[PDB]
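S.K.:
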Amino acid sequence: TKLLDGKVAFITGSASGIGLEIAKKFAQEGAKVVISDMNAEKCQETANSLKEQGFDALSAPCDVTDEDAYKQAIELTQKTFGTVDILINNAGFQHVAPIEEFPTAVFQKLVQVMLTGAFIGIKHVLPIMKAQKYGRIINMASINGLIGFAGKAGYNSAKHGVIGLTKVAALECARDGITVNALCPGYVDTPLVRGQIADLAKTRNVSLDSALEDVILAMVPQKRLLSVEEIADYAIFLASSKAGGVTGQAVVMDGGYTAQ
Amino acid sequence: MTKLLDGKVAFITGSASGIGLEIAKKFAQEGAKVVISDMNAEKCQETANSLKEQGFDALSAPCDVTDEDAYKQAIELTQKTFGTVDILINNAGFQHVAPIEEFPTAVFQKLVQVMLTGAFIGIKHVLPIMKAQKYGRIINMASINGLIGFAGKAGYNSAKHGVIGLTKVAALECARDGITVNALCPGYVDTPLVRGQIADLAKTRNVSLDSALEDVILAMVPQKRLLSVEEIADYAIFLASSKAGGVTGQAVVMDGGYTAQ
Amino acid sequence: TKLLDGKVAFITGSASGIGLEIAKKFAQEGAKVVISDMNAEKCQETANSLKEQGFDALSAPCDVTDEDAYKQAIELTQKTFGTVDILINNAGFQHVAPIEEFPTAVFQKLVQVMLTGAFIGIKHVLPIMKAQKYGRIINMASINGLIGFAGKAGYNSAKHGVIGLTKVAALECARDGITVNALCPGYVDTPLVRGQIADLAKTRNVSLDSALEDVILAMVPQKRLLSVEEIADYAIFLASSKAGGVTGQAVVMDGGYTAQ
Amino acid sequence: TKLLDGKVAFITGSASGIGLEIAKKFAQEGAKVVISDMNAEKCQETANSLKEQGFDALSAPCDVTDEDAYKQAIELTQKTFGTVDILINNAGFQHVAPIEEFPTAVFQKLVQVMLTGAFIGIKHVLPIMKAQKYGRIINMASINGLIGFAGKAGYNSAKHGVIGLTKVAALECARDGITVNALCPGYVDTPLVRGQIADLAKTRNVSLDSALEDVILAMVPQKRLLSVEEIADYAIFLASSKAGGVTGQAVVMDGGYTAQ
Ligand SMILES: NC(=O)c1ccc[n+]([C@@H]2O[C@H](COP(=O)([O-])OP(=O)(O)OC[C@H]3O[C@@H](n4cnc5c(N)ncnc54)[C@H](O)[C@@H]3O)[C@@H](O)[C@H]2O)c1
Ligand SMILES: NC(=O)c1ccc[n+]([C@@H]2O[C@H](COP(=O)([O-])OP(=O)(O)OC[C@H]3O[C@@H](n4cnc5c(N)ncnc54)[C@H](O)[C@@H]3O)[C@@H](O)[C@H]2O)c1
Ligand SMILES: NC(=O)c1ccc[n+]([C@@H]2O[C@H](COP(=O)([O-])OP(=O)(O)OC[C@H]3O[C@@H](n4cnc5c(N)ncnc54)[C@H](O)[C@@H]3O)[C@@H](O)[C@H]2O)c1
Ligand SMILES: NC(=O)c1ccc[n+]([C@@H]2O[C@H](COP(=O)([O-])OP(=O)(O)OC[C@H]3O[C@@H](n4cnc5c(N)ncnc54)[C@H](O)[C@@H]3O)[C@@H](O)[C@H]2O)c1
Ligand SMILES: CCC(=O)CC(=O)O
Ligand SMILES: CCC(=O)CC(=O)O
Ligand SMILES: CCC(=O)CC(=O)O
Ligand SMILES: CCC(=O)CC(=O)O
Ligand SMILES: CCC(=O)CC(=O)O
């Protein structure tokens, strides 16, 4: 079964972690994938690997805060694969700090990448998806789009914001056969989080396994990291023709974090 | 093709009609062994037998979900027949629309007993089976009416709100036991229940059936369409599958954008 | 100085805890209060102490699960004070158990008192409030109306349901000068909770302080019990003429619990 | 009774609409109020009116996007009234358009004023409020912080974001006697909205009453505009010492909008 057979998916931040797994899993589902990241070296390598494995893949690097570059990356996608069926707004980063020590510029950058970048993508894929009366837009958000976490003023503001953007975008294209959803993971086993576990274990002087099980997963009822494979499986369902009635939703995959 | 529920036993309450019946047929196509449980023991036997004629593993285990003794025995019959319960779908329900002042208390209590207490009884009697095997999928068929209000639906919206409360408690109690508990929340599905309500509104208002649907039911639906039972079954398959082990405690919404505005 | 002057407040479960405080504080704001509880002797002495302080108080005991007694308690209020302006559906109780050890009858009872009780109160005051084009209904819920907690299947199901009833009721009287809101406290310093701290302290062989600071309040960002007066102050605001634009809301007072 | 006696309130955008009402109502409840807006003559005019009526008021204009100006306005307040007890992040604007014809720079501007402006305000009052272990921060949001509305990508993104910032901020100061809440009105009777009724009546060739009652209020159960007075009354309660237990909340007054 090829759930995304020949569907054209553009995935921002797809050179690492969740975005890279989505791209691999989408290709295996039969999607034509576009690897898009800051790092144009890792983009070209990723797309070349996929091509060598017999997949349709394109390197179209861009900074999602660079509207002109994001625009041309979509136009390159149209020229290569004819259309865009699926946009995954996945590009992001993290800066943890008390509000008092939280540089305004860093706050503005978290918002620009993870909110304005999503808005820029939606703005330039909407005409393609409305012309063909089909589309799937997934904004990679977080449970931090639904609840608060101390030290994450910029991240939680950006992810809250992309849930509002998701709902506005959904309402504007609900008649055009296009869905816009925010996939909200909890803690995922990624380089980023393995970094934070690394950080916690030195800064608290506990083991890597104690940093994970006693602090990172203390408020996770399943007491486990989500796999990138699980996130990509939900993304595949929402991006499929079978999820046409799901739109305007903060779709939560969090091992019960927000249930308590 | 693939069998997303291969090797799993699915007990589905209210599975002799509408959404329950589509879930049972689609779960079977995904390689689940399905138990058709409903009030109408006649339609259950016929449903299960028709599935069996199409090469599927189906059991007729009729019960009234408000009858804890009959529910417990329907679960026991499933264990005896298939060995275990992997997936419980709490889907049995009904509707009674009236202003609160003309809403009989007993009808309010019955709506709550069937759609809330019924889901509680099901959960209490599958939990030990699922916990001993460290695997389970519990889906409560709630509604967007579990998350928002609608005038005249005091009993329904009260039961469906409550079943989302019960989903969260259950999810927290079995989070470490490889069991998920979710509330699948449809908006308007093209079913007998809903086609009945369109006829009602069209009589009482003396508009045409298309007028009642398009001007009243679908006014609030951004997608301006009824969902298909197939769409609900497809979400139910994903949540009931091994692929969704990290989804729990959730009101999972498929509503054509209804709660987005 | 008198935010409820000339208003008639019917308060279920007002013989103890939050309901008792709401009755006393509502009287101070110039409301005529009906003390209604299971224990008729405590309703009489409460109403009498209030009367000795120059307040207008009526004893109207009932079991809120007894629609005939509830209906007769409302009728007696109409007979004595001319109308019901404010209904406080406050009557409740708690039973904590794993779902496996949770008796179905106890589950049903929790739902009958805290959901059905509320439906019965609302059904019998709505015609009175709709006739005068003025009402304030407050369903005393809990953050357990909004999130899950292990061992509270019955209570969390009842409280979730009363938020559902609250939004339905609100929509049905929105044009009639009536509001219907669910006040949702976190942990409040009441006999009920002081009981639960004493319980936890024996069960875990810890101080009363440790049971409170380290178990009860570990999920409360403010790390404190709410006072019954704080709950009463929010109840007075929502029950006052100044809150006519608040309806259909789960109004949360929880020292930040639901923010995490 | 003066509910904010001896409190200093800093209100951004207080030269007009909800902010102006909050300043005049906070003054009547005994707050020293700071009038801060873009319009510097209107702030001096407003503050002078309150002074003539026996009220403590200070003009301290600033663009909330100008962190250096906002920091100096908070400093001027410290110099004049000793401290800041209450911050009302109120400054906002609106721009309605489909995503495709929604200028990226306008989207950025809505977020910069209504999310980043609040971040800057919170960042510079938190050390003052933490030092004295007392504070009240109210971010004026909107039901558009909780649901989607077609054509308001920028506004709904910004309001969604400010609720995220509210929950983060609440968690960072929950132990410090500081509450952070987002007050979320539906349609309020303001120059802003009357403007919008004027536009709908003209661009749809219908009466002002047609355009309000049949279009703007179509999704409002109470079928009425809220008053600036109603918003101010909830703002006063939230900002009072009586609301110490309310924090990290999206506090909704929407005549039932979000109940359906
Ligand atoms: N990993 C988690 O635990 C977790 C939790 C919840 C949700 N998410 C969200 O999912 C997304 C994936 O994060 P991840 O874990 O894969 O992190 P990661 O660090 O592995 O990958 C992030 C990628 O984003 C790229 N990027 C950053 N800014 C960019 C920009 N302006 N334009 C283009 N590319 C840019 C980086 O180059 C990098 O390759 C993020 O938005 C994150 O907030 C992650
Ligand atoms: N149809 C929709 O648009 C829609 C939308 C949202 C929610 N739902 C929910 O999805 C579920 C399925 O709805 P539906 O319209 O297919 O059917 P329904 O709600 O009318 O009930 C379906 C089945 O439940 C059975 N049933 C009723 N009471 C029972 C009892 N006490 N014990 C056992 N079985 C009993 C009936 O015999 C029927 O076959 C229900 O919970 C409903 O509330 C439906
Ligand atoms: N205590 C808390 O921390 C807390 C937190 C969240 C919500 N609540 C809710 O607020 C309300 C008040 O709680 P409390 O702590 O003051 O409770 P409490 O147990 O101290 O007092 C409740 C009163 O209700 C009465 N009552 C019980 N069943 C009744 C019935 N069927 N009919 C009439 N009266 C009945 C009892 O006799 C008692 O006087 C309850 O609904 C409770 O669930 C309390
Ligand atoms: N109007 C409504 O019904 C409604 C409903 C929901 C929310 N709100 C919110 O309430 C608040 C007040 O709205 P209003 O109706 O009083 O509008 P208004 O236009 O009368 O008030 C807005 C004020 O903010 C000022 N302002 C704009 N940008 C600024 C900046 N960068 N720095 C400083 N001041 C700036 C303007 O000069 C103006 O005085 C806004 O945040 C708005 O989003 C309004
Ligand atoms: C959303 C949880 C998370 O992973 C935020 C972050 O640390 O990037
Ligand atoms: C949730 C839609 C529905 O099924 C309510 C009803 O029965 O009218
Ligand atoms: C003993 C529990 C309770 O107080 C319920 C009732 O009054 O019927
Ligand atoms: C916080 C809800 C509640 O009241 C649980 C309890 O009974 O202590
Ligand atoms: C309804 C919230 C609001 O005030 C947005 C607008 O219409 O300006």
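Chains as they are written, first to last, in the authors' numbering: chain A, 2 to 261; chain D, 1 to 261; chain C, 2 to 261; chain B, 2 to 261. For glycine and all other residues, C-beta sits at the position ideal for the given N, C-alpha and C.
When the cut-off is 9 Å and only beta carbons count, does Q73 of chain C lie next to chain A?
M.R.: What you label residue 73 of chain C is simply residue 72 of the third sequence in a count that begins at 1. By this cut-off, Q73 of chain C is not an interface position.
S.K.: Could you tell me which residues DSSP puts in a beta bridge with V163 of chain D?
M.R.: Walking along the second sequence from the start, residue 163 of chain D turns up at place 163. According to DSSP, which records beta bridges pairwise, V163 of chain D is partnered with nothing at all.
S.K.: Going by alpha carbons, who is nearest to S50 of chain C out of C:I36, C:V112 and C:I100?
M.R.: Taking the first residue of the third sequence as 1, we reach residue 50 of chain C at position 49. If we check each option's Cα against that of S50 of chain C, C:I36 comes out closest.
S.K.: Given a limit of 7 Å on CB to CB distance, which residues of the region 227-261 of chain B reach chain D?
M.R.: The residues in question are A260 and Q261.
S.K.: So, are the CB atoms of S158 of chain B and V114 of chain B less than 9 Å apart?
M.R.: Here residue 158 of chain B is taken as the residue at index 157 of the fourth sequence, counted from 1. Here residue 114 of chain B is taken as the residue at index 113 of the fourth sequence, counted from 1. No, Cβ-Cβ distance for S158 of chain B and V114 of chain B is not below 9 Å.
S.K.: Could you check whether the Cβ of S143 of chain D sits closer than 8 Å to any heavy atom belonging to ligand 6?
M.R.: Start at 1 with the first residue of the second sequence, and residue 143 of chain D comes out as number 143. Yes, Cβ of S143 of chain D sits closer than 8 Å to a heavy atom of ligand 6.
S.K.: Residue ranges of each beta strand (DSSP E) run of no fewer than 3 residues wholly in the region 124-162 of chain C, ordered along the chain?
M.R.: List check, beta strand (DSSP E) in window: 136-141.
S.K.: Give the C-beta separation of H161 of chain D and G162 of chain C to the nearest angstrom, bearing in mind that I take them to be a contact with Cβ-Cβ under 8 Å.
M.R.: Your numbering for residue 161 of chain D matches position 161 in the second sequence. Your numbering for residue 162 of chain C matches position 161 in the third sequence. Yes, they are in contact, since the Cβ atoms of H161 of chain D and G162 of chain C sit about 5 Å apart, within 8 Å.
S.K.: Cα-Cα, which of D:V85, D:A58, D:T248 and D:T13 is closest to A70 of chain D?
M.R.: Along the second sequence, one-based indexing puts residue 70 of chain D at 70. Of D:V85, D:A58, D:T248 and D:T13, the residue nearest in Cα terms is D:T13.
S.K.: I148 of chain D versus chain B: which residues are under 9 Å apart at the beta carbon?
M.R.: The count along the second sequence starts at 1 and reaches residue 148 of chain D at position 148. Simply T259, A260 and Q261.
S.K.: Just to confirm before moving on: does the CB-CB distance between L5 of chain D and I237 of chain D stay below 9 Å?
M.R.: Within the second sequence, residue 5 of chain D is the residue found at index 5, counting from 1. Within the second sequence, residue 237 of chain D is the residue found at index 237, counting from 1. Yes, Cβ-Cβ distance for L5 of chain D and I237 of chain D is below 9 Å.
S.K.: If you measure beta-carbon to beta-carbon, which residues of the region 117-134 of chain D are closer than 7 Å to chain C?
M.R.: Answer in chain order: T117, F120, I121, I123, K124, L127 and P128.
S.K.: Give me, in chain order, the residues of the same chain whose beta-carbon lies closer than 6 Å to that of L77 of chain D; leave out the 5 immediate sequence neighbours on both sides.
M.R.: Residue numbering aside, residue 77 of chain D sits at position 77 when the second sequence is read from its first letter. Around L77 of chain D: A61.
S.K.: Sorted by chain position, which residues of the same chain lie with C-beta nearer than 6 Å to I87 of chain D's C-beta, five sequence neighbours on each side aside?
M.R.: Reading the second sequence from its first residue, position 87 is the one you call residue 87 of chain D. For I87 of chain D, where only same-chain residues beyond five positions count, the Cβ hits under 6 Å are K8, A10, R137 and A240.
S.K.: Quick check: what's the CA-CA separation for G146 of chain B versus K168 of chain A?
M.R.: Numbered from its first residue, the fourth sequence carries residue 146 of chain B at position 145. Numbered from its first residue, the first sequence carries residue 168 of chain A at position 167. One C-alpha to the other measures close to 10 Å.
S.K.: Would you check if the distance between the CB atom of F120 of chain A and the CB atom of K110 of chain A is smaller than 9 Å?
M.R.: Against the first sequence, residue 120 of chain A aligns to sequence position 119. Against the first sequence, residue 110 of chain A aligns to sequence position 109. Going by C-beta atoms, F120 of chain A is not nearer than 9 Å to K110 of chain A.
S.K.: Counting only C-beta atoms, is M141 of chain C closer than 9 Å to chain A at any point?
M.R.: Within the third sequence, residue 141 of chain C is the residue found at index 140, counting from 1. Taking Cβ atoms only, chain A never reaches closer than 9 Å to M141 of chain C, which makes this a no.
S.K.: Heavy atom of ligand 1 less than 8 Å from the Cβ of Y188 of chain A, yes or no?
M.R.: For the purposes of this step, residue 188 of chain A is taken as residue 187 along the first sequence, with counting starting at 1. Checking every heavy atom of ligand 1 against the Cβ of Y188 of chain A, one is found closer than 8 Å.
S.K.: Per DSSP, what kind of secondary structure is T180 of chain C in: helix, strand or coil?
M.R.: Walking along the third sequence from the start, residue 180 of chain C turns up at place 179. Three-state result, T180 of chain C: strand.
S.K.: Looking at the C-beta of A151 of chain D, does it have a partner C-beta in chain A at a distance below 9 Å?
M.R.: If you number the second sequence from 1, residue 151 of chain D lands on position 151. No - not a single Cβ of chain A is within 9 Å of the one on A151 of chain D.
S.K.: Just tell me which of B:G118, B:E53 and B:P186 has its CA closest to the CA of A251 of chain B.
M.R.: The sequence position of residue 251 of chain B within the fourth sequence is 250, counting from 1. It is B:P186 whose Cα lies nearest to the Cα of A251 of chain B.
S.K.: For the region 216-234 of chain C against the region 171-190 of chain B, are there 3 or more C-beta pairs whose distance is under 8 Å?
M.R.: Yes, they touch.
S.K.: Under three-state DSSP, which class holds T47 of chain C?
M.R.: By one-based count along the third sequence, residue 47 of chain C stands at place 46. Residue state, collapsed to three classes: helix.
S.K.: Here's a check: name, in chain order, each residue in its chain whose Cβ is nearer than 8 Å to the Cβ of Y235 of chain D, leaving out the five neighbours to either side.
M.R.: Counting from one through the second sequence, the residue named residue 235 of chain D turns up at place 235. The residues are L184, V252 and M254.
S.K.: Per DSSP, what are the beta-bridge partners of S37 of chain D in this structure?
M.R.: If you number the second sequence from 1, residue 37 of chain D lands on position 37. In DSSP, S37 of chain D forms a bridge with D:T13.
S.K.: So the beta strand (DSSP E) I23 of chain A belongs to, where does it begin and stop?
M.R.: Counting from 1 along the first sequence, the entry for residue 23 of chain A is found at position 22. First-last for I23 of chain A: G18 to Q29, but that is the alpha helix (DSSP H), not the beta strand (DSSP E).
S.K.: Which residues in the same chain have their Cβ closer than 7 Å to the Cβ of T259 of chain C, if we skip the five residues on either side of it in sequence?
M.R.: As a first step, residue 259 of chain C is located in the third sequence; it is residue number 258 there, counting from the start. Result list for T259 of chain C: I144, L147, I148 and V253, in chain order.
S.K.: DSSP three-state call for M220 of chain D: helix, strand or coil?
M.R.: Stepping through the second sequence from its first residue, residue 220 of chain D is reached at position 220. Residue state, collapsed to three classes: helix.
S.K.: Could you tell me whether any non-hydrogen atom of ligand 7 is closer than 8 Å to the CB of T66 of chain C?
M.R.: Numbered from 1 along the third sequence, position 65 holds the residue referred to as residue 66 of chain C. Yes, the beta carbon of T66 of chain C sits closer than 8 Å to at least one heavy atom of ligand 7.
S.K.: Apart from the five residues on each side of it in sequence, which residues of its chain come closer than 6 Å, Cβ to Cβ, to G20 of chain D?
M.R.: Locating residue 20 of chain D in the second sequence gives position 20, counting from the first residue. Excluding sequence neighbours, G20 of chain D sits near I12, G14 and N91.
S.K.: Who pairs with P192 of chain D in a beta bridge, going by DSSP?
M.R.: Taking the first residue of the second sequence as 1, we reach residue 192 of chain D at position 192. BP columns for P192 of chain D are empty, so no partner.
S.K.: Identify the contact partners of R205 of chain D in chain A, using a Cβ-Cβ distance below 9 Å as the criterion.
M.R.: Here the question's residue 205 of chain D lines up with position 205 in the second sequence. None at all; the shortest Cβ gap to chain A is about 25 Å.
S.K.: Are the C-beta atoms of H161 of chain C and some chain D residue less than 9 Å apart?
M.R.: Start at 1 with the first residue of the third sequence, and residue 161 of chain C comes out as number 160. Closer than 9 Å: yes.
S.K.: Need the endpoints of the alpha helix (DSSP H) that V107 of chain D sits in, please.
M.R.: Position 107 of the second sequence, counted from the first residue, corresponds to residue 107 of chain D. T105 to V112 is the extent of the alpha helix (DSSP H) around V107 of chain D.
S.K.: So that I know if they touch, is there some Cβ in chain C lying closer than 9 Å to that of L5 of chain B?
M.R.: Mapped onto the fourth sequence, residue 5 of chain B falls at position 4. Answer no: the Cβ-Cβ gap between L5 of chain B and chain C never drops below 9 Å.
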